[PDB]
Amino acid sequence: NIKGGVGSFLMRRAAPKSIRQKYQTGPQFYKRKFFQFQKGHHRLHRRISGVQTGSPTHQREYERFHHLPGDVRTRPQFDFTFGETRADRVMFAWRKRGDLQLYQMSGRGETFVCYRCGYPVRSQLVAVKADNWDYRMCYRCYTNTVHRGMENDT
Amino acid sequence: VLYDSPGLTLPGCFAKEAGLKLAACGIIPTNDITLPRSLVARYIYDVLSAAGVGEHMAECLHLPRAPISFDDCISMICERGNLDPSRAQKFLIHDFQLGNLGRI
Amino acid sequence: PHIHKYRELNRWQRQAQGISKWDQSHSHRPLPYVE
Amino acid sequence: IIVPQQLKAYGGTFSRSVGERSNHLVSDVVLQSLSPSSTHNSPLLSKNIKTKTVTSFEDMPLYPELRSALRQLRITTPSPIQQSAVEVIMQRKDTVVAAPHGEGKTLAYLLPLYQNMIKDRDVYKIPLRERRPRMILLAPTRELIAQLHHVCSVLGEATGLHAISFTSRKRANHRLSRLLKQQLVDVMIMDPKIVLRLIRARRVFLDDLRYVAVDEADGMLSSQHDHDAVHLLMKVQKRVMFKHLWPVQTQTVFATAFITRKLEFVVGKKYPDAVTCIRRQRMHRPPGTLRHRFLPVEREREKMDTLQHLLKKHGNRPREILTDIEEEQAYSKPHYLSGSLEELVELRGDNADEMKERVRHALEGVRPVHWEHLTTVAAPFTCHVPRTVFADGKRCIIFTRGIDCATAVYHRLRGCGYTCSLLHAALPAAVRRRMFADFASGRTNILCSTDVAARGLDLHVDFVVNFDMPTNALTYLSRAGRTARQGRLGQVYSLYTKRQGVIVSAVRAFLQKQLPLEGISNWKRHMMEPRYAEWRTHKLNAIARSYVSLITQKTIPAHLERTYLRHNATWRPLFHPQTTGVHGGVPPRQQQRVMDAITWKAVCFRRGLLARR
Amino acid sequence: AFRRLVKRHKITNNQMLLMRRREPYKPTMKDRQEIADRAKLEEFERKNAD
Amino acid sequence: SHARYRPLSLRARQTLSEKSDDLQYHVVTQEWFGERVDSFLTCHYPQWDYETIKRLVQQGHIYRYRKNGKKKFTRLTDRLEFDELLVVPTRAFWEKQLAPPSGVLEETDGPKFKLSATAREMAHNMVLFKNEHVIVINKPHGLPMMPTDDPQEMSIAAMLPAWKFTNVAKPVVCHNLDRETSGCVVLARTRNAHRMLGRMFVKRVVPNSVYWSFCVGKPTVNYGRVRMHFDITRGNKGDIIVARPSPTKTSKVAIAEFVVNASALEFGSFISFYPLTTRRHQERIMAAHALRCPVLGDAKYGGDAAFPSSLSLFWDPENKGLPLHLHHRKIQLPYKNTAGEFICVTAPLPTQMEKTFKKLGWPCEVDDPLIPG
Amino acid sequence: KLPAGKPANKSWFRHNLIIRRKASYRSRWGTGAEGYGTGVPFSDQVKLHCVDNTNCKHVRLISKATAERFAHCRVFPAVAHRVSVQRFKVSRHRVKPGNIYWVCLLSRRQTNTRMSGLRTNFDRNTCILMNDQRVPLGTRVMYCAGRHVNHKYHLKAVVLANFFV
RNA sequence: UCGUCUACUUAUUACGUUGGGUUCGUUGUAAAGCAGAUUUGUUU
RNA sequence: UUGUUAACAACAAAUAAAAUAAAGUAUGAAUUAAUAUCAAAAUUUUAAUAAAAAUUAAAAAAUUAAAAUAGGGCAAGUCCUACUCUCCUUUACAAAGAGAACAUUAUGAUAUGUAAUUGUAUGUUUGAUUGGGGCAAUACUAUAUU
RNA sequence: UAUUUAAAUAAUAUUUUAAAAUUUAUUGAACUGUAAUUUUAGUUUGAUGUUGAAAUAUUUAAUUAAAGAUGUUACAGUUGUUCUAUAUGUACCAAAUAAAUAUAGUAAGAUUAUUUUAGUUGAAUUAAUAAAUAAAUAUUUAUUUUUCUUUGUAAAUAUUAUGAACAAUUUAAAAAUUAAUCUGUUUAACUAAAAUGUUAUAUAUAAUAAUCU
Ligand SMILES: Nc1ncnc2c1ncn2[C@@H]1O[C@H](COP(=O)(O)OP(=O)(O)OP(=O)(O)O)[C@@H](O)[C@H]1O
Ligand SMILES: [Mg+2]
Ligand SMILES: [Mg+2]
Ligand SMILES: [Mg+2]
Ligand SMILES: [Mg+2]
Ligand SMILES: [Mg+2]
Ligand SMILES: [Mg+2]
Ligand SMILES: [Mg+2]
Ligand SMILES: [Mg+2]
Ligand SMILES: [Mg+2]
Ligand SMILES: [Zn+2]
């Protein structure tokens with residue numbers, strides 16, 4: 001009958017459907033409406049990167065992220081570089097901090113979605129929750145989770 | 001005015017005898033894997049030869065004699081030649097469907 | 001102001017639909033009336 | 001052969017509003033945004049904003065006379081606006097009292113301004129002279145002036161201060177001058193146009209003027225009231241600059257239900273240090289207990305038949321007209337209702353006061369207002385005409401457009417057998433007072449009025465009927481802000497046609513998502529076209545959501561990885577979004593290269609098809 | 001709507017290569033707008049004192 | 001009994017939170033000024049679990065008021081401010097039409113089922129893969145996954161207390177199968193493991209499981225996709241399933257990619273299904289009607305056609321009680337092994353399927369490469 | 001296209017059933033007369049005669065590979081394509097079309113070179129019906145059995161056959 | 001989250017016949033849940 | 001392997017033998033062309049393939065053939081929602097090229113009108129501030145009344 | 001009404017190519033279309049050639065119809081093929097030829113001349129009765145007033161559309177890192193001088209070991 005016109009950009013304010021999504025009171029389990037990326041980036045994902053300065057003989061692979069705080073400044077407990085190469089190219093694995101364990105991948109950074117921040121992250125550092133590789137965390141959220149003490153909760 | 005009930009009356013997963021009757025009356029297709037022309041023509045021959053209707057079946061199918069067995073009837077339908085027993089079974093099924101065998 | 005109908009459609013929408021420019025409304029050609 | 005331009009990036013058009021949404025409109029029509037991303041550049045709302053509250057009235061300093069005035073008004077717990085604004089005004093600062101309709105905005109600035117006058121009268125002992133008042137109140141309409149005079153008289157009875165009001169009457173220059181000659185006043189509740197006339201006629205002086213309160217300041221400071229308040233405030237401001245009289249710091253208070261561009265700039269540029277008390281999470285929204293209902297009428301003629309249905313639905317039953325004498329008496333004799341509290345409570349179904357308040361809550365539909373850790377009941381209406389007739393039916397105001405429609409609907413309902421009263425400005429002074437007194441006292445439960453009764457009227461209106469759909473949200477909120485007052489149950493019926501279908505779809509959508517009615521108009525192109533940077537924001541968020549859905553559920557081969565991220569995960573800017581409606585958001589040099597390839601392949605395919613035909 | 005073609009200045013000290021703003025002791029745009037508003041308001045009040 | 005709870009949108013939930021007065025306001029005094037929200041709540045509610053407190057705070061049922069006129073939703077790691085209020089719902093707050101999270105109310109176990117020695121032995125025998133978080137069992141044919149309408153029948157839900165080897169609580173089944181379907185069934189050992197694995201059994205885009213079936217007749221195509229739309233209606237003593245090619249509002253889609261691995265000429269076929277949805281009797285319906293090849297022994301869909309006389313040398317088509325030739329073969333898990341590949345659990349073929357494969361000359365135990373590891 | 005990341009061949013199970021040979025210059029099937037191991041095995045959908053006194057006349061092979069070299073270590077299932085009609089009427093007569101039995105291969109029309117160098121071209125393709133226990137349904141064989149039949153895998157077949165080559 | 005459910009009952013007798021009436025439940029969740037799609041090889 | 005017929009069709013495996021289509025002597029275009037006597041490979045990273053950077057590493061010359069990469073145009077495909085265009089309908093809005101009726105001379109013809117309230121195709125048909133308030137002769141000094 | 005003080009009277013100009021339907025006047029039926037007269041082929045689609053001996057040849061399959069050829073007449077775009085539609089009216093059907101700076105709220109692209117000689121780098125934003133004042137950028141131009149030092153203040157002119165949605169805090173500071181608070185980036189006479197930072201520590205609520213209840 002009677003037709004009117006209202007743009008969808010006026011309703012985008014009501015996009016979040018819960019307290020967790022509107023006020024960010026917890027981890028965004030792949031349910032995030034508003035994203036904040038650096039002004040100028042076209043490929044919309046966050047990047048936790050490392051600096052390579054030498055050969056694997058002098059500079060180890062985990063020493064690339066030494067400029068970051070946390071467990072990347074310690075040597076890992078497990079090392080898979082020697083022997084049969086991992087199918088997913090996991091080079092190192094740090095000690096389990098509660099339900100989270102930090103891994104380092106080989107090759108170009110794989111773009112995954114951290115369930116705590118909700119952002120697509122491209123990095124070689126992946127924190128797996130309870131050995132379940134469906135729930136991964138970027139290294140930044142991993143360091144923040146350990147700092148607050150929420151390692152066994154999130 | 002008329003209201004139609006789409007999925008109220010339907011054969012669905014039928015029994016052996018019900019499927020034989022439906023295929024003999026032409027309600028369901030004859031499947032070359034599950035419901036064979038051979039089985040449905042065997043059913044037709046059995047229900048016809050239950051009573052003394054062998055000579056009448058031969059008269060309807062233009063057979064030189066009253067058939068003793070279903071295989072003999074199929075072979076005589078082939079003779080009435082280049083056609084195969086499959087074609088003979090098809091002819092018998094279609095004759096029963098059109099009513100060339102009688103009212104039943 | 002304007003009185004035409006296609007004024008809500010921009011030049012891109014007009015050329016995508018296939019409409020002639022309504023601003024150049026030429027009237028020297030009569031309409032195909034049933035004579 | 002004809003082939004259109006195939007490659008496009010955006011086919012629509014972007015609005016030219018570079019400042020904010022609805023930049024082309026006037027402030028009198030559109031409401032301003034209250035988001036911090038928008039108020040960051042505003043001259044008023046980027047400055048200091050008061051948000052802290054005070055729980056009880058005992059925690060704030062009040063004189064015993066003001067304590068008794070609150071008990072007389074039956075008010076115990078302060079509303080969120082009073083919890084924040086009373087303290088700032090008592091600190092003698094220019095304050096912008098911003099609150100929705102029916103939250104105690106009137107008493108929010110009357111209590112502190114009265115206490116400051118008591119302190120100047122008792123502590124500082126500033127003498128009151130003949131033609132030099134202490135406070136000046138500014139109100140738009142005549143009924144609001146009479147209503148503000150009623151509240152100031154309740155406060156002035158206990159505090160000892162004398163408030164005076166004046167509307168236009170016969171021989172007004174004579175009657176107004178006698179008041180200034182016979183009695184001494186310190187509160188002048190008048191119109192800014194008339195008080196400017198007395199100042200220029202040298203009947204009232206700006207000496208020892210310490211307080212200027214502007215109710216409904218969003219409109220008073222706009223051109224809809226001829227900038228009379230703005231001209232007066234500039235005279236008050238130059239009085240403060242005068243250094244040969246005693247030092248008076250005249251503080252100015254602005255009570256508003258809306259915030260517009262006029263209000264922000266006229267206060268932010270003229271009052272640099274002005275504290276704003278506002279909760280942006282409730283400001284531009286209807287009350288929670290208000291029920292909205294949009295009834296579409298297919299034909300404009302059938303609008304009267306729909307209105308008559310709503311009246312019969314809510315108890316208002318018309319008297320039967322079956323004879324010629326009754327048909328003549330329907331228009332001649334003004335019929336009035338009759339009843340009392342005793343018979344009405346018998347019909348519906350110490351201890352004396354508790355029962356009077358129990359019936360008062362059941363009739364007005366008063367629900368306990370729910371604030372955080374604070375709950376109260378709504379005080380009785382502060383109207384200068386107390387209700388004395390209680391008949392069987394729901395009370396209503398029928399807002400129409402223009403004066404002629406209000407007059408016509410008034411006579412149509414009378415001919416049908418309805419007891420209604422007409423209220424607009426064209427009525428004479430005697431009839432206008434009588435017509436409002438009939439509805440406010442209870443002799444009439446149906447008020448056919450124009451937009452004059454939309455701002456500042458605390459009446460027992462059970463439901464409101466918009467006979468003509470308002471053209472903007474500012475008028476929509478003010479009209480509907482009459483039936484739900486302090487947690488009372490209210491209902492609104494808006495009759496609209498196709499010509500207002502755009503704003504109805506906008507308002508109906510904003511209400512369902514519980515959003516502020518900011519930037520709402522009736523122009524369809526304005527409500528559908530976004531800004532480029534706003535479209536860019538929602539586009540970037542949509543791209544990131546598609547990236548999440550692509551990563552977490554899809555496995556992509558290596559040869560498809562490049563194209564998947566190009567179409568689902570890459571922010572691709574547009575080319576000159578100002579002229580997007582011409583080149584489609586794609587550089588025409590790229591379009592020329594694309595069109596060259598397609599045209600060549602189209603010509604080759606056409607030459608073959610023509611040769612085959 | 002500012003100058004996209006940056007103004008060039010003769011570099012006499014090597015720290016001019018590092019400094020981005022021409023006059024660092026000068027208040028920012030909005031700050032000096034507020035300063036000008038305040039100064040003009042004070043001058044207007046002085047003019048209206050009598 | 002939770003029978004008084006109603007579906008509520010965010011608006012209605014906020015309105016009920018505003019209206020309901022069943023709230024407690026803890027005043028943050030000097031002694032608790034500066035503490036964390038989770039610490040404060042754990043010290044003030046010893047009867048609540050940390051999971052319950054976390055759910056309440058993160059969903060917004062517990063909030064705080066800083067005397068600003070609005071409610072403030074916070075994280076468990078936020079510090080408390082001086083002279084503010086902490087609003088926590090009481091017991092009576094959840095007695096209205098608003099359901100609380102799982103940890104708020106207290107459930108009662110009540111009865112405890114008893115499992116015999118033979119039952120526990122067969123439950124231990126059915127185990128295929130065990131982990132710190134998951135247990136994959138081999139459910140056989142004819143065993144119900146859940147208690148049926150007849151309470152006297154055994155079920156995996158009743159045998160569940162037999163797979164708590166060292167844990168305190170019994171595992172929880174992550175996905176259910178039909179009574180006739182036999183194959184790998186996943187049981188989460190931890191509550192968090194179940195909450196994380198539930199994501200794996202909802203509709204997806206990439207398949208992570210295989211169904212090996214023996215269908216009567218060979219379809220016209222070797223591989224392809226099947227998409228139907230099922231509408232379930234309540235009948236007299238059953239459910240009427242209406243399959244449509246076009247979607248309806250009351251329908252739900254069923255999608256699966258099928259590949260015919262090997263087959264007889266035109267009388268029988270071996271087909272691998274890779275589903276993307278979870279619909280009742282999905283594989284059986286898509287085989288009987290979409291592929292037009294009823295599964296061997298599927299008497300519910302194509303009864304007389306599910307017992308072909310072509311296999312009369314192997315299976316007698318007169319008993320009509322042979323097990324369904326549909327087996328949940330292989331399933332991938334989110335957990336990785338030492339080599340770096342996702343752990344894929346495979347179940348051996350049942351007796352009837354192995355017999356059919358051996359009679360037709362096909363290898364029974366073959367790895368299906370279409371589901372990687 | 002499964003898997004989605006690295007799509008693979010959907011004939012993985014067919015590869016376990018077929019006996020293929022890349023048609024390079026070093027690997028070739030050729031005709032059976034080239035020597036031992038040069039005959040192409042019978043593919044599926046191949047018609048064979050049924051020479052035992054059963055109701056069946058022709059069978060169709062289900063196996064993807066069928067030859068004499070591995071007639072002792074592989075099972076050959078087949079379907080009764082054509083059945084003799086008895087106009088005037090046991091287990092051997094109860095053979096109905098569509099049924100699936102195993103078949104013992106007796107001879108082929110293709111050239112077969114033994115290891116001794118003796119090539120042979122029989123008149124027609126030949127086989128006999130057997131059950132899952134490798135017991136022939138017929139009581140007599142109306143054709144010649146090949147030398148490959150002389151194996152313990154075909155004990156009852158050798159007993160029922162009366163002539164070998 | 002791919003559960004299960006063409007038989008009970010009021011009577012009648014005999015070693016099946018004849019008249020009436022007609023679902024249960026495991027687990028998770030209070031959103032981190034609910035329709036449909038989830039495709040891309042200038043191999044032109 | 002499937003049909004016709006009393007040799008014909010394609011096919012899958014030995015797709016194998018065997019037939020025709022060379023450099024080189026001559027003549028000699030066209031698409032293309034930012035470019036260092038171009039840069040094998042691996043790794044790390046940077047604003048969308050990055051050949052852009054950095055770190056490891058160590059990559060010959062000439063002729064032939066290959067589509068693995070670069071190069072050769074691509075905001076695309078499916079679903080849902082909303083708006084519009086298009087297209088139909090007439091009873092109202094503006095124009096309508098068709099006809100009428102009327103005035104004037106004649107009861108015979110050509111025209112002019114100030115007379116046209118008829119019709120069929122064509123245009124349009126959702127920005128209402130073109131509103132609502134306020135102002136209301138009898139100044140000034142006084143008097144009485146409700 | 002006319003109480004207030006100057007002056008160098010000179011006008012003609014104002015990038016460029018394009019961004020589209022068209023206006024006025026003609027032409028075209030040797031191509032193609034219809035009527036009158038003197039195994040072929042069409043349609044669909046795949047398969048070879050891909051500037052091909054062809055600016056349209058050959059082939060596969062299905063389907064629909066089958067008196068064969070040439071020329072000449074009449075019909076011309078406002079439309080013609082005597083209803084409409086498709087198709088077509090001479091090698092891109094808004095047909096072709098001749099004139100047009102006719103004009104596109106105007107999409108975009110180019111716009112000829114080193115060694116230079118001075119102010120701001122994210123502000124401003126009030127439709128509409130007596131309210132001191134928009135701001136940035138650029139060109140000309142004007143104010144030597146105090147002081148311990150420092151201090152780009154103002155007119156007359158030209159232009160201005162480079163475009164953000166939520167949340168938190170705030171009459172004081174996001175300090176909630178799942179938060180950014182945003183205009184980048186280029187900028188260098190020569191020779192010298194010159195102060196700057198990435199190393200790892202693998203065991204102390206730890207590690208290595210025995211007795212016994
Ligand atoms: N603290 C309080 N408790 C209960 N009732 C109150 C309180 N304060 C005010 N009220 C009541 O609220 C009513 C409306 O007050 P007020 O006139 O201030 O509303 P308003 O915001 O000015 O509305 P509008 O903007 O429509 O004029 C008054 O009649 C008064 O009785
Ligand atoms: Mg008010
Ligand atoms: Mg035989
Ligand atoms: Mg869904
Ligand atoms: Mg018309
Ligand atoms: Mg029309
Ligand atoms: Mg010709
Ligand atoms: Mg025509
Ligand atoms: Mg300047
Ligand atoms: Mg200036
Ligand atoms: Zn993260």
# chains A, B, ... in the order shown; residues from 1 in each chain; ligands from 1
>>> interface_residues(of="chain J", to="chain A", cutoff="8 Å", atoms="only C-alpha atoms (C1' of nucleotides)", output="ChimeraX atom specification")
/J:165-167,178,198
>>> select_by_dssp(residues="chain E", states="helix (DSSP H, G or I)", output="MDAnalysis selection string")
chainID E and resid 14:16 29:47
>>> residues_near_ligand(ligand="ligand 3", cutoff="9 Å", atoms="only C-alpha atoms (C1' of nucleotides) and all ligand atoms", output="ChimeraX atom specification")
/G:49-58,83-84,127-129,138,141-142
>>> write_last_selection(atoms="N, CA, C and O atoms", output="PDB file, in the first residue's frame")
ATOM      1  N   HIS G  49      29.293 -66.313 -22.048  1.00  0.00           N
ATOM      2  CA  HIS G  49      28.383 -67.443 -22.132  1.00  0.00           C
ATOM      3  C   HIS G  49      28.402 -68.237 -20.832  1.00  0.00           C
ATOM      4  O   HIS G  49      29.386 -68.228 -20.088  1.00  0.00           O
ATOM      5  N   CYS G  50      27.301 -68.933 -20.566  1.00  0.00           N
ATOM      6  CA  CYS G  50      27.161 -69.768 -19.378  1.00  0.00           C
ATOM      7  C   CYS G  50      26.904 -71.194 -19.846  1.00  0.00           C
ATOM      8  O   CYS G  50      25.808 -71.505 -20.326  1.00  0.00           O
ATOM      9  N   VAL G  51      27.909 -72.062 -19.703  1.00  0.00           N
ATOM     10  CA  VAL G  51      27.878 -73.380 -20.323  1.00  0.00           C
ATOM     11  C   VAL G  51      27.424 -74.478 -19.374  1.00  0.00           C
ATOM     12  O   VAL G  51      27.311 -75.636 -19.798  1.00  0.00           O
ATOM     13  N   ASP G  52      27.165 -74.165 -18.109  1.00  0.00           N
ATOM     14  CA  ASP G  52      26.616 -75.185 -17.233  1.00  0.00           C
ATOM     15  C   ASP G  52      25.115 -75.329 -17.471  1.00  0.00           C
ATOM     16  O   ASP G  52      24.455 -74.432 -18.005  1.00  0.00           O
ATOM     17  N   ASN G  53      24.574 -76.479 -17.071  1.00  0.00           N
ATOM     18  CA  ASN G  53      23.156 -76.771 -17.282  1.00  0.00           C
ATOM     19  C   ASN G  53      22.294 -76.001 -16.277  1.00  0.00           C
ATOM     20  O   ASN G  53      21.605 -76.562 -15.426  1.00  0.00           O
ATOM     21  N   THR G  54      22.341 -74.679 -16.402  1.00  0.00           N
ATOM     22  CA  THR G  54      21.542 -73.775 -15.591  1.00  0.00           C
ATOM     23  C   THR G  54      20.584 -73.002 -16.485  1.00  0.00           C
ATOM     24  O   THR G  54      20.711 -72.990 -17.712  1.00  0.00           O
ATOM     25  N   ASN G  55      19.612 -72.349 -15.848  1.00  0.00           N
ATOM     26  CA  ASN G  55      18.637 -71.558 -16.587  1.00  0.00           C
ATOM     27  C   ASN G  55      19.271 -70.357 -17.278  1.00  0.00           C
ATOM     28  O   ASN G  55      18.664 -69.795 -18.193  1.00  0.00           O
ATOM     29  N   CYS G  56      20.472 -69.961 -16.869  1.00  0.00           N
ATOM     30  CA  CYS G  56      21.121 -68.787 -17.427  1.00  0.00           C
ATOM     31  C   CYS G  56      21.802 -69.115 -18.750  1.00  0.00           C
ATOM     32  O   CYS G  56      22.263 -70.237 -18.978  1.00  0.00           O
ATOM     33  N   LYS G  57      21.858 -68.116 -19.628  1.00  0.00           N
ATOM     34  CA  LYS G  57      22.547 -68.231 -20.907  1.00  0.00           C
ATOM     35  C   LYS G  57      23.708 -67.257 -21.026  1.00  0.00           C
ATOM     36  O   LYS G  57      24.820 -67.663 -21.387  1.00  0.00           O
ATOM     37  N   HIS G  58      23.485 -65.984 -20.716  1.00  0.00           N
ATOM     38  CA  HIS G  58      24.518 -64.962 -20.782  1.00  0.00           C
ATOM     39  C   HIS G  58      24.654 -64.276 -19.431  1.00  0.00           C
ATOM     40  O   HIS G  58      23.665 -64.079 -18.718  1.00  0.00           O
ATOM     41  N   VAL G  83      18.283 -65.421 -19.515  1.00  0.00           N
ATOM     42  CA  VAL G  83      17.895 -66.666 -18.863  1.00  0.00           C
ATOM     43  C   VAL G  83      17.071 -67.488 -19.844  1.00  0.00           C
ATOM     44  O   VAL G  83      16.162 -66.959 -20.494  1.00  0.00           O
ATOM     45  N   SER G  84      17.395 -68.774 -19.952  1.00  0.00           N
ATOM     46  CA  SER G  84      16.655 -69.665 -20.832  1.00  0.00           C
ATOM     47  C   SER G  84      15.223 -69.838 -20.342  1.00  0.00           C
ATOM     48  O   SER G  84      14.966 -69.924 -19.138  1.00  0.00           O
ATOM     49  N   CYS G 127      32.145 -69.113 -19.153  1.00  0.00           N
ATOM     50  CA  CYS G 127      32.217 -69.079 -17.700  1.00  0.00           C
ATOM     51  C   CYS G 127      31.110 -69.957 -17.139  1.00  0.00           C
ATOM     52  O   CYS G 127      30.156 -70.306 -17.838  1.00  0.00           O
ATOM     53  N   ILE G 128      31.253 -70.310 -15.864  1.00  0.00           N
ATOM     54  CA  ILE G 128      30.244 -71.095 -15.160  1.00  0.00           C
ATOM     55  C   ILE G 128      29.864 -70.383 -13.869  1.00  0.00           C
ATOM     56  O   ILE G 128      30.672 -69.665 -13.272  1.00  0.00           O
ATOM     57  N   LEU G 129      28.622 -70.592 -13.436  1.00  0.00           N
ATOM     58  CA  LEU G 129      28.088 -69.923 -12.257  1.00  0.00           C
ATOM     59  C   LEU G 129      28.455 -70.672 -10.983  1.00  0.00           C
ATOM     60  O   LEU G 129      28.466 -71.905 -10.952  1.00  0.00           O
ATOM     61  N   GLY G 138      25.387 -75.625 -11.537  1.00  0.00           N
ATOM     62  CA  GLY G 138      25.110 -76.666 -12.500  1.00  0.00           C
ATOM     63  C   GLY G 138      25.782 -77.979 -12.151  1.00  0.00           C
ATOM     64  O   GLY G 138      26.652 -78.063 -11.285  1.00  0.00           O
ATOM     65  N   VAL G 141      29.291 -79.338 -17.448  1.00  0.00           N
ATOM     66  CA  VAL G 141      29.879 -78.233 -18.198  1.00  0.00           C
ATOM     67  C   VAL G 141      29.933 -78.629 -19.666  1.00  0.00           C
ATOM     68  O   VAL G 141      30.475 -79.686 -20.008  1.00  0.00           O
ATOM     69  N   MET G 142      29.374 -77.780 -20.530  1.00  0.00           N
ATOM     70  CA  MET G 142      29.273 -78.063 -21.956  1.00  0.00           C
ATOM     71  C   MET G 142      30.362 -77.368 -22.768  1.00  0.00           C
ATOM     72  O   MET G 142      30.161 -77.082 -23.953  1.00  0.00           O
TER      73      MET G 142
END
>>> residues_around(residues="residue A:113", least_positions_apart="3", cutoff="9 Å", atoms="only C-alpha atoms (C1' of nucleotides)", output="MDAnalysis selection string")
(chainID A and resid 30 116:122 135:138) or (chainID D and resid 548 551:552)
>>> residues_around(residues="residue E:9", least_positions_apart="2", cutoff="10 Å", atoms="only C-alpha atoms (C1' of nucleotides)", output="PDB file with C-alpha atoms (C1' of nucleotides), in the first residue's frame")
ATOM      1  CA  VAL E   6      53.422  21.885   0.783  1.00  0.00           C
ATOM      2  CA  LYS E   7      55.340  25.148   1.023  1.00  0.00           C
ATOM      3  CA  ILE E  11      66.807  24.991   5.270  1.00  0.00           C
ATOM      4  CA  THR E  12      69.418  26.903   7.277  1.00  0.00           C
ATOM      5  CA  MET E  16      64.343  22.283   9.994  1.00  0.00           C
ATOM      6  CA  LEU E  17      64.418  18.918   8.216  1.00  0.00           C
ATOM      7  CA  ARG E  22      56.550  26.221  10.667  1.00  0.00           C
TER       8      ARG E  22
ATOM      9  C1'   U J 116      63.406  30.429  -5.419  1.00  0.00           C
ATOM     10  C1'   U J 117      63.552  34.646  -0.334  1.00  0.00           C
ATOM     11  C1'   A J 118      58.870  35.480   5.103  1.00  0.00           C
ATOM     12  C1'   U J 187      61.738  18.780   2.574  1.00  0.00           C
TER      13        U J 187
END
>>> residues_near_ligand(ligand="ligand 5", cutoff="10 Å", atoms="only C-alpha atoms (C1' of nucleotides) and all ligand atoms", output="ChimeraX atom specification")
/I:90,95-96,119-122
>>> residues_around(residues="stretch 77-90 of chain B", least_positions_apart="4", cutoff="10 Å", atoms="only C-alpha atoms (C1' of nucleotides)", output="PyMOL selection string")
(chain B and resi 30+36-42+58+61-64+70-73+94-96) or (chain G and resi 85)
>>> closest_atom_pairs(of="chain G", to="chain D", cutoff="7 Å", atoms="only C-alpha atoms", output="tab-separated table")
residue	atom	partner	partner_atom	distance
G:4	CA	D:555	CA	5.5
G:5	CA	D:557	CA	4.5
G:6	CA	D:557	CA	6.2
>>> write_last_selection(atoms="N, CA and C atoms", output="PDB file, in the first residue's frame")
ATOM      1  N   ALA G   4      38.087 -28.931  -0.467  1.00  0.00           N
ATOM      2  CA  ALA G   4      37.959 -27.565  -0.963  1.00  0.00           C
ATOM      3  C   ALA G   4      39.321 -26.910  -1.155  1.00  0.00           C
ATOM      4  N   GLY G   5      40.281 -27.216  -0.287  1.00  0.00           N
ATOM      5  CA  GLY G   5      41.599 -26.620  -0.387  1.00  0.00           C
ATOM      6  C   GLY G   5      42.440 -27.199  -1.505  1.00  0.00           C
ATOM      7  N   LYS G   6      42.585 -28.523  -1.518  1.00  0.00           N
ATOM      8  CA  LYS G   6      43.365 -29.232  -2.531  1.00  0.00           C
ATOM      9  C   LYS G   6      42.477 -30.318  -3.121  1.00  0.00           C
TER      10      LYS G   6
END
